[PDB]
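Participant: First, the structure itself, so that you have it in front of you.
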Amino acid sequence: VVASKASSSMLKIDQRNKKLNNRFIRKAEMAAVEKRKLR
Amino acid sequence: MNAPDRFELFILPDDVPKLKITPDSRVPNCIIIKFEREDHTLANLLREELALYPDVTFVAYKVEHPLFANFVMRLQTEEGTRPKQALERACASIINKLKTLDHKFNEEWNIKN
Amino acid sequence: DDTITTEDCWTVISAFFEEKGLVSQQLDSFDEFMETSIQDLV
Amino acid sequence: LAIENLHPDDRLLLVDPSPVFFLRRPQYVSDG
Amino acid sequence: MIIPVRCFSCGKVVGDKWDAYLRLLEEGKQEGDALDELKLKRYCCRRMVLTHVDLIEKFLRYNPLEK
Amino acid sequence: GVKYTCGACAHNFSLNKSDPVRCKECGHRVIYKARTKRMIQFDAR
Amino acid sequence: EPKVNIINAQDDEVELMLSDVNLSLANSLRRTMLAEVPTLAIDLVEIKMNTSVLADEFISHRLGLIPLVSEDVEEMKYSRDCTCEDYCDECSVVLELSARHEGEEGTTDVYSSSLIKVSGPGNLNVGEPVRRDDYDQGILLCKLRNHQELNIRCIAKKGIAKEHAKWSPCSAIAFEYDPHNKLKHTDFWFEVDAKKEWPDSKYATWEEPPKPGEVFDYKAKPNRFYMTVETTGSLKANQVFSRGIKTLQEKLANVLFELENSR
Ligand SMILES: [Zn+2]
Ligand SMILES: [Zn+2]
Ligand SMILES: [Zn+2]
């Protein structure tokens, strides 16, 4: 393929952002559901 | 297709005067001035300078349509003074104010640099 | 076990769209046609 | 190490002079 | 398609900060922190860089028509 | 007299209104006219 | 009587305070700096070859928006006021860009630093594209892959932002007066309490908050105006301020000349 440097950088950014989203959004949702449950 | 040329906002045609003055005979000592290729930048400045003069009893302006670059001013003064003289005094006063403002700005910029 | 969050549901939906796509019904119907229907009609 | 490895009392010393579920981090390739 | 030269709302030059933005995102900075580092304060300018999609990279993958 | 360009291998050639419309070297059936020589000007607005 | 006080000063931005001036004067100064200060920008583009993936008018529009150095643009003439044939050295600056990708792999970026000044006014500091540093590459113009070339010749002319926004020296002018709302020029929308639902201004500490037992002063007028002028690099901030003042003075003097000539 010989990918460009900008495209490879964007792919790395996308992988990091996907991992960070999958952690943080899930943790926030768990905190929200436990708070709604304890009420 | 029907869009006017953008330079028509500020370029004055050869047959179109920059300034046309007609009297307003309804009240004494009043004139109507028509400014061509001008907008709020000059109009508001002149109006609010003239409104502080003791011998100016009426001053106003209006831009009839935003698609045409012109405005019309109405000016009424006391019996002793003529409205054109008041307009000239206002122009000279704003020029002097801008001159001292520029001087002080240059002084302060040189001080702080 | 552990509870299932909304993010897990979106993971399952992502798996669905990774496998099927958005025009899978058209392609599957045409493939069924070409593979068997012409022979059966003949 | 990171903020997580910091002691909780020292984490309490970091006072602004929590993430929310509806602020995602932008992507470029998406998925599907 | 390609990063606009000026911000649409105010006209600040944002066309010289795309590669630096990608570099900062590579280093691990958050998007808001990266925009802060590039001195984009008004959200009108932040919108220009935050929502840009680089389509020219897809257009360049087709073989040139003249050689 | 008129320049062309192949749609596949981007090769330049000419035609005399009597040859078949084909690429000389790779035999593609799709060719494109070359850009004119007249002056091209834009107003940068 | 008018006073100027400078808070922060930089090449590309100045934050000042105007006092003892009318609101109309400050607003007219803001409008003049936004729309009526002349600069230099590319206006005609001759394209000799363009085999990139971008349309010709796309690249022409991008070229128009590149800020050029306009320090000596006051000594230049307007193209319509120049008696010369076609374009000369006294009303235009000629720049040339030639880019190409060598090799069969990778991509080449075309930056505004690749624009080369070929001709212009003698000994005037006009025409060169603005650059923050010596190692700065500038604005990204295009991208090229193998066998793609760009070869253009641009003509930079003098103009104002009234004709097109590419000639504007400023980006945004912050403008503000009366942070504590003593003049009651605005009526604050609220749900419970207006005081605690509205953020404080950044100049709220520069003025004394009103006393609780004070009564409304109907004789007061706006007196102190805070403004920040941000430039695109084509001119320095002090240059923009001085030339705005000069442009306003020239407009007023033209009005006065028309009045005296009317007789
Ligand atoms: Zn902006
Ligand atoms: Zn061929
Ligand atoms: Zn000339």
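Derivation of every value follows stated rules applied to the coordinates shown; laboratory data play no part. Because the Cβ atoms are built from the backbone with ideal geometry, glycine has one as well, and the counts that use them run over all protein chains shown.
Participant: Counting only helical runs of four or more DSSP H residues, what would the 222 nm mean residue ellipticity of the protein assembly as shown come to if each run contributes -39,500 (n - 2.57) and the total is spread over all its residues? If you can, show how the numbers build up before the last one.
Facilitator: Numbers: 15 runs with 188 residues, N = 601.
Rounded to the nearest 500, it is -10000 deg cm²/dmol.
Participant: Right, next: How shielded is B:41-52 by partner chains, expressed as the average number of their Cβ atoms within 10 Å of its Cβ atoms? Before the final figure, lay out the partial values.
Facilitator: Numbers: counts 13, 8, 2, 7, 11, 4, 1, 6, 4, 0, 2, 1.
Mean number of neighbouring Cβ atoms from other chains: 5.
Participant: Another one. Skipping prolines and chain starts, which residues have an amide H placed within reach, meaning under 5 Å, of the one on residue G:172, given they are 5 or more residues away or on another chain?
Facilitator: Under 5 Å from the amide H of residue G:172: G:230.
Participant: When ranked by the protection proxy of mean other Cβ atoms within 10 Å per residue, highest first, what sequence do the peptides B:30-40, G:152-162, A:29-39 form?
Facilitator: Working: B:30-40: 17.6, G:152-162: 21.9, A:29-39: 10.5.
Order by mean packing, descending: G:152-162, B:30-40, A:29-39.
Participant: Dipole of the stretch E:1-66 (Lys/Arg Cβ +1, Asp/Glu Cβ -1, origin at the Cα centre): which of E:28, E:59, E:13 lies farthest to the positive side?
Facilitator: Result: E:13, furthest along the dipole toward the positive end.
Participant: Can you work out ³J(HN,Hα) from phi for every residue in the stretch G:112-119, in order, using Karplus 6.51 cos²θ - 1.76 cosθ + 1.60 and θ = phi - 60°, giving whole Hz and x for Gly and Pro?
Facilitator: 5, 5, 6, 6, 10, 7, 9, 7
Participant: Same structure again: Work out how much length residue G:8 to residue G:105 would gain on full extension: take 0.36 nm times their residue separation and subtract the Cα-Cα distance, in nm to one decimal.
Facilitator: Numbers: separation 97, 0.36 × 97 = 34.92 nm, distance 4.85 nm.
Contour length minus the Cα-Cα distance gives 30.1 nm.
Participant: Over the stretch E:1-66, calculate the relative contact order: mean separation of alpha carbon pairs under 8 Å at least 6 apart, over the residue count, as a percent. Please report the intermediate quantities before stating the final value.
Facilitator: Working: 53 pairs, mean separation 26.4, N = 66.
40 percent.
Participant: For a quick check: sort G:15, G:74 by the number of other beta carbons within 10 angstrom, fewest at the front. Intermediate results must be reported in sequence, preceding the final value.
Facilitator: Values: G:15 16, G:74 13.
Lowest count first: G:74, G:15.
Participant: If you put +1 on each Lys and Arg Cβ and -1 on each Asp and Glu Cβ, how big is the dipole of chain F around its Cα centre, in Debye rounded to 20?
Facilitator: On the way: 10 positive and 3 negative charges, 30 e Å.
Charge dipole of chain F: 140 debye, to the nearest 20.
Participant: Taking the Cα centroid of the stretch G:199-243 and of chain A, what is the distance between the two, rounded to the nearest whole Å?
Facilitator: 43
Participant: Next question. Mind putting a number on the dipole of chain B about its Cα centre? Charges go on the C-beta only, +1 for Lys and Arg and -1 for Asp and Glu, and I need it in Debye to the nearest 20.
Facilitator: Values: 16 positive and 18 negative charges, 32 e Å.
Taking the Cα centre of chain B as origin, the dipole is about 160 debye.
Participant: Taking only C-alpha pairs under 8 Å that are 6+ residues apart, what is the relative contact order of chain B in percent? Let's see the in-between values first.
Facilitator: Values: 142 pairs, mean separation 25.2, N = 113.
About 22 percent, as a whole number.
Participant: What is the dipole size for chain E, taken about its Cα centre, with +1 at each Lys and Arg Cβ and -1 at each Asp and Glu Cβ, in debye to the nearest 20? Mind showing how you got there, number by number?
Facilitator: Values: 13 positive and 11 negative charges, 71 e Å.
So the magnitude is around 340 debye.
Participant: Here is a follow-up. Kindly write out, for the stretch G:145-150 in residue order, the coupling ³J(HN,Hα) from the Karplus curve 6.51 cos²θ - 1.76 cosθ + 1.60 (θ = phi - 60°), rounded to whole Hz, with x marking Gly and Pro.
Facilitator: Per-residue couplings from phi come out as 10, 4, 6, 10, 9, 10 Hz.
Participant: Here is a follow-up. With each pseudo-label sitting 7 Å past Cα toward Cβ, what's the residue B:14-residue F:13 distance in nm, one decimal?
Facilitator: The modelled label-to-label distance comes out at 5.8 nm.
Participant: Pairs of Cα atoms under 8 Å, at least six residues apart: use those to get the relative contact order of chain G, whole percent. Write out the running numbers ahead of the final one.
Facilitator: On the way: 477 pairs, mean separation 79.8, N = 263.
Rounded, it is 30 percent for chain G.
Participant: Once phi is turned into ³J(HN,Hα) by the Karplus curve 6.51 cos²θ - 1.76 cosθ + 1.60 with θ = phi - 60°, what whole-Hz value does each residue of the stretch B:77-90 show in order, with x for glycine and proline?
Facilitator: Whole-Hz 3J(HN,Hα) from phi for the stretch B:77-90: 10, 5, 5, x, 8, 9, x, 5, 5, 4, 5, 5, 4, 4.
Participant: Out of residues 5 or more away from residue G:7 or on other chains, whose amide H comes under 5 Å of its own, with H placed 1.01 Å from N in the peptide plane?
Facilitator: For residue G:7, the qualifying residues are G:15, G:16, G:17.
Participant: Take the cross-link list E:12/G:158; B:62/G:221; E:17/G:143; E:17/G:48; F:37/G:143; B:104/G:77 and give me the ones stretching past 18 Å between alpha-carbons. Please list the in-between numbers first.
Facilitator: Working: E:12/G:158 20 Å; B:62/G:221 23 Å; E:17/G:143 16 Å; E:17/G:48 29 Å; F:37/G:143 24 Å; B:104/G:77 29 Å.
Checking Cα-Cα distances, E:12/G:158; B:62/G:221; E:17/G:48; F:37/G:143; B:104/G:77 exceed 18 Å.
Participant: Shielding by partners for G:43-52, please: the mean number of other protein chain Cβ atoms within 10 Å of each residue's Cβ.
Facilitator: Working: counts 4, 4, 5, 4, 5, 2, 3, 2, 5, 4.
Whole-number average of other-chain Cβ neighbours for G:43-52 is 4.
Participant: Just tell me which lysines come within less than 19 Å, Cα to Cα, of residue A:19; anything on the same chain fewer than 8 places away is out.
Facilitator: Cα-Cα hits under 19 Å: A:27, E:29.
Participant: When Cβ neighbours within 10 Å are restricted to other protein chains, what is their mean count per residue of peptide A:14-27? Could you put the intermediate results ahead of the total?
Facilitator: On the way: counts 8, 2, 4, 8, 5, 1, 4, 6, 3, 2, 8, 11, 7, 5.
That works out to 5 on average.
Participant: Within the stretch D:16-32, name every residue whose backbone N is under 17 Å away from a label modeled 7 Å from Cα of residue A:20 along the Cβ vector.
Facilitator: Backbone N within reach: D:18-30.
Participant: Considering the options G:194, G:222, G:183, tell which one lies farthest towards the positive end of the dipole of the stretch G:182-238, charges being +1 on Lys and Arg and -1 on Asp and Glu at the Cβ, about the Cα centre.
Facilitator: The Cα lying farthest towards the positive end belongs to G:222.
Participant: What residues qualify as long-range amide H neighbours of residue G:41, i.e. H under 5 Å apart, gap of 5 or more or another chain, H built at 1.01 Å from N?
Facilitator: Counting only residues 5 or more places away or on other chains, the set is G:157, G:159.
Participant: Of G:159, G:103, G:144, which is farthest on the positive side of the dipole of the stretch G:39-165, counting Cα position, with +1 on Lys and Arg Cβ, -1 on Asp and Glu Cβ, and the Cα centre as origin?
Facilitator: Comparing the listed Cα positions along the dipole, G:144 ranks first.
Participant: Sticking with this structure for a sec: Place a label point 7 angstrom from the Cα of residue G:75 along the Cα-to-Cβ direction, then list the residues of the stretch G:94-131 whose backbone nitrogen is under 18 Å away.
Facilitator: In the stretch G:94-131, the label zone of residue G:75 (backbone N under 18 Å from the point 7 Å along Cα→Cβ) covers G:94, G:118-129.
Participant: Which of the chymotrypsin sites (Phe, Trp or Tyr not before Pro) found in the stretch E:30-67 are in a DSSP loop and have at most 13 neighbouring Cβ atoms, other than their own, within 10 Å?
Facilitator: Details: sites: E:43, E:59, E:62; in loops: E:62.
Taking the stretch E:30-67 and a limit of 13 other Cβ atoms within 10 Å, the loop chymotrypsin sites (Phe, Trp or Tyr not before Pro) found are E:62.
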